Amino acid sequence: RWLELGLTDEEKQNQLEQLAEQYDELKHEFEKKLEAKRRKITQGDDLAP
Amino acid sequence: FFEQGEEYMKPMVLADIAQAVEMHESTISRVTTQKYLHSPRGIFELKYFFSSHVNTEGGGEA
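Chains as they are written, first to last, in UniProt numbering: chain A, 996 to 1044; chain B, 354 to 415.
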C-alpha cells in the first residue's frame, strides 16, 4: 500500500503498521507450522533391535 | 550422541568419568569391559564411547 505515503497521514500510517505486523505474525505462524509438520513427518519410527 | 549421531560425539576418558562421581580409574576400567547398551540408535559396547581427542579451533577438543 505504498507504505501509506500520503493516504491520510493521521491514521493510515498506524493502519499500515498494524497490517504489516499482522502479516509478519501470519508469516511467522506459517513458517513455524510448516517446520513442525516437516519435523513430525520425518521424525522417525522405532523398530526392532 | 544419542540425539544427533556419531558425528556429534564428545570425547571422554576414564579419568573424566572417575572424577565425575567419587570414583577411581581402575574401578571403572573393569566395569565397562564387555558391557552392552541398547538405544534406539543401536547396540553398542561401553568401551566404544571412550576415545582419543584432537586439538580443534578455539582451544576445543574433537
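For every residue, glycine included, the Cβ atom is placed at its ideal position computed from N, Cα and C.
Per DSSP, the beta bridge partners of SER392(B) are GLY395(B).
In the DSSP assignment, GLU414(B) is bridged to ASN408(B). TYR361(B) and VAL384(B) have their C-alpha atoms some 25 Å from each other. Assigned with DSSP and collapsed to three states, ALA373(B) falls in coil, not helix or strand.
Between the alpha carbons of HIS406(B) and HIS391(B) lies a distance of about 25 Å.
Distance from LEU1014(A) to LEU998(A) at the Cβ level is roughly 11 Å; contact not present, criterion being Cβ atoms closer than 8 Å.
The C-alpha of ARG394(B) is placed about 18 Å away from the C-alpha of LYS1035(A). By the C-beta criterion, the stretch 397-415 of chain B is judged to be in contact with the stretch 357-371 of chain B, since at least 3 inter-stretch pairs fall below 8 Å. A distance below 6 Å between beta-carbons, with the five flanking residues on each side excluded, links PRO1044(A) to no residue of its chain.
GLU378(B) is a Cβ neighbour of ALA368(B), given a cutoff of 8 Å.
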